[PDB]
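Chemist: One structure coming up, written as structure tokens, with questions to follow.
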Amino acid sequence: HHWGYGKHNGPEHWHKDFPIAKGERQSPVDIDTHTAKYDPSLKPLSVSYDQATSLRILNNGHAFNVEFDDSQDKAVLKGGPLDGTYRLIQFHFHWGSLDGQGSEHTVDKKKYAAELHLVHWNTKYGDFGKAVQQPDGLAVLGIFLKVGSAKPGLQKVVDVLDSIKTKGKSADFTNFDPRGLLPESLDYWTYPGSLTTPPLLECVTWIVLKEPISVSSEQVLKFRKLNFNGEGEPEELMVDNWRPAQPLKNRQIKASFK
């Protein structure tokens with residue numbers, strides 16, 4: 001009886017196996033745009049993805065991860081609220097069963113159709129497993145998806161999903177350029193938080209972009225054809241794999257923009 005997104009194992013149950021679920025810096029949160037404070041000391045984000053080396057795409061039973069070679073400084077995030085250099089290890093999405101839900105963060109209570117997380121770890125800790133044990137171990141760049149025009153840079157991801165329909169399936173996925181998933185503006189909100197899936201560790205500097213990307217209805221429909229289950233098990237569509245907003249508690253959200 002392991003965690004998931006169903007009626008009997010979903011987010012409201014996670015605290016029994018992962019008591020940090022009720023912790024002091026849990027994610028996601030609602031971003032109240034009027035209460036977020038502009039911080040003029042925040043620097044522009046530096047996204048350096050030109051040498052990124054994607055390797056594989058994996059259905060892990062909760063989402064699909066596009067994985068990267070993180071054994072060198074090839075795709076890195078720095079600047080913004082961050083001290084030091086953070087290496088891209090994977091990206092994945094959270095999405096809904098309907099266009100009116102799917103994101104984890106919300107903006108003035110608005111839910112987007114999906115949310116992309118680009119996960120990076122602080123190179124001063126040597127590897128991802130050590131980084132997640134540190135309060136400044138990870139930096140996650142969160143990008144909202146709305147349904148409208150297609151995102152051409154997403155299509156290569158969409159077209160491979162048929163090969164990883166069920167839990168545990170992976171496929172070679174080389175030469176994917178994550179720059180094709182970024183919006184025009186890098187204006188952002190930032191706050192200290194957590195992983196949004198178990199183990200829910202409180203190790204993330206969240207950087208959430210204000211500008212959403214647009215994807216087509218056909219693109220998001222293909223996300224919704226994935227399966228939570230493994231091959232040969234009863235089919236349960238991979239939809240609504242999002243954790244709802246958690247209490248802000250003693251945190252301030254900062255904005256890079258006026």
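Scheme for the structure tokens: letters A, B, ... for chains in order shown; per-chain residue numbers from 1; ligand numbers from 1 in order shown.
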Using only C-alpha atoms, I'd like a table of the residues in range 45-139 of chain A that come within 9 Å of range 238-254 of chain A; for each, show the closest atom pair and its distance in Å rounded to one decimal, ordered by chain and ascending number, as a Markdown table.
Modeler:
| residue | atom | partner | partner_atom | distance |
| --- | --- | --- | --- | --- |
| A:61 | CA | A:238 | CA | 8.1 |
| A:62 | CA | A:241 | CA | 6.6 |
| A:63 | CA | A:241 | CA | 7.2 |
| A:93 | CA | A:241 | CA | 8.7 |
| A:94 | CA | A:242 | CA | 5.5 |
| A:95 | CA | A:240 | CA | 5.6 |
| A:96 | CA | A:240 | CA | 4.2 |
| A:97 | CA | A:239 | CA | 5.1 |
| A:98 | CA | A:240 | CA | 8.6 |
| A:101 | CA | A:240 | CA | 7.8 |
| A:102 | CA | A:240 | CA | 5.9 |
| A:103 | CA | A:242 | CA | 6.4 |
| A:104 | CA | A:242 | CA | 5.4 |
| A:105 | CA | A:245 | CA | 6.3 |
| A:106 | CA | A:245 | CA | 7.2 |
| A:114 | CA | A:242 | CA | 8.7 |
| A:115 | CA | A:242 | CA | 8.9 |
Chemist: Just the residues within 9 Å of range 124-128 of chain A, please, counting only C-alpha atoms, with nothing from its chain fewer than 6 positions along; format it as a list in words.
Modeler: residues 70, 71, 84, 85, 86, 89, 134, 137 and 138 of chain A
Chemist: Could you turn the residues from that selection into a file that holds C-alpha atoms, as a PDB file, in the first residue's frame?
Modeler:
ATOM      1  CA  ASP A  70      24.740  15.325 -14.609  1.00  0.00           C
ATOM      2  CA  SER A  71      28.349  14.109 -14.290  1.00  0.00           C
ATOM      3  CA  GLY A  84      26.582  28.459  -6.534  1.00  0.00           C
ATOM      4  CA  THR A  85      25.902  26.166  -9.442  1.00  0.00           C
ATOM      5  CA  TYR A  86      23.022  23.715  -9.802  1.00  0.00           C
ATOM      6  CA  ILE A  89      19.283  16.062 -13.436  1.00  0.00           C
ATOM      7  CA  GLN A 134      20.562  19.736   2.625  1.00  0.00           C
ATOM      8  CA  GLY A 137      20.422  21.133  -1.996  1.00  0.00           C
ATOM      9  CA  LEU A 138      18.031  21.551  -4.918  1.00  0.00           C
TER      10      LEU A 138
END
Chemist: Applying 9 Å and only C-alpha atoms, which residues near residue 3 in chain A remain after dropping the ones on its own chain fewer than 4 positions away? List them as a list in words.
Modeler: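 The contact residues come out as residues 8, 9, 10, 11, 13, 14, 17 and 198 of chain A.
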Chemist: For residue 65 in chain A, list every protein, DNA or RNA residue within 12 Å, evaluated using only C-alpha atoms, and leave out those in the same chain fewer than 2 positions away; present the list as a CSV table (one decimal) with C-alpha atoms, in the first residue's frame.
Modeler:
chain,number,residue,atom,x,y,z
A,54,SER,CA,19.5,14.1,-22.3
A,55,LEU,CA,19.8,10.4,-22.0
A,56,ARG,CA,16.5,8.6,-21.3
A,57,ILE,CA,12.8,9.1,-20.6
A,58,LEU,CA,11.2,6.9,-17.9
A,59,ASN,CA,7.6,6.2,-16.7
A,60,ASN,CA,8.2,5.8,-12.9
A,61,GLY,CA,4.6,5.2,-12.0
A,62,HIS,CA,3.9,8.8,-10.8
A,63,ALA,CA,5.1,10.8,-13.8
A,67,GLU,CA,16.9,12.3,-17.5
A,68,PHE,CA,20.2,14.1,-18.2
A,89,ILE,CA,19.3,16.1,-13.4
A,90,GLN,CA,15.8,15.6,-14.8
A,91,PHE,CA,12.5,17.3,-15.7
A,92,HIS,CA,9.0,16.0,-15.4
A,93,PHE,CA,5.4,17.3,-15.4
A,94,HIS,CA,2.3,17.2,-13.3
A,116,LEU,CA,6.9,21.5,-15.6
A,117,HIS,CA,9.6,20.9,-13.0
A,118,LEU,CA,13.2,21.2,-14.1
A,119,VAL,CA,15.1,19.7,-11.2
A,157,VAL,CA,8.5,14.4,-25.7
A,161,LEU,CA,5.1,8.6,-24.7
A,164,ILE,CA,6.6,4.3,-22.1
A,167,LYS,CA,5.2,2.0,-15.0
A,168,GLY,CA,8.8,0.9,-15.3
A,169,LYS,CA,9.2,1.4,-19.1
A,170,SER,CA,12.1,3.6,-20.3
A,171,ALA,CA,13.3,4.6,-23.8
A,172,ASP,CA,16.4,6.2,-25.2
A,173,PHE,CA,15.9,10.0,-25.4
Chemist: Suppose you want the space between CA of residue 144 in chain A and CA of residue 18 in chain A; what is it in Å?
Modeler: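 That distance, rounded to one decimal, is 26.8 Å.
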Chemist: Select, from A:108, A:162, A:211, A:184, the residue with the minimum atom-to-atom distance to residue 34 in chain A, counting only C-alpha atoms.
Modeler: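 Ranking A:108, A:162, A:211, A:184 by distance to residue 34 in chain A, first place goes to A:108.
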Chemist: Counting only C-alpha atoms, which residue out of A:197, A:175, A:214, A:219 sits closest to residue 158 in chain A?
Modeler: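 With only C-alpha atoms as the atom set, the closest residue is A:219.
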Chemist: Just checking: using only C-alpha atoms, which residue out of A:217, A:75, A:203, A:110 ends up closest to residue 24 in chain A?
Modeler: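 Ranked by minimum distance to residue 24 in chain A, first place goes to A:203.
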Chemist: Run DSSP on the backbone of this structure and report the residues of range 99-132 of chain A it assigns to helix (DSSP H, G or I), as a list in words.
Modeler: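 Residues meeting the helix (DSSP H, G or I) criterion: residues 123, 124, 125, 128, 129, 130 and 131 of chain A.
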Chemist: My list of candidates is A:112, A:228, A:49, A:206. Which is closest to residue 188 in chain A when distances are computed with only C-alpha atoms?
Modeler: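 Selected residue with least distance to residue 188 in chain A: A:206.
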Chemist: Work out how far apart CA of residue 133 in chain A and CA of residue 29 in chain A are and give it in Å to one decimal.
Modeler: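 For CA of residue 133 in chain A relative to CA of residue 29 in chain A, the distance reads 21.2 Å.
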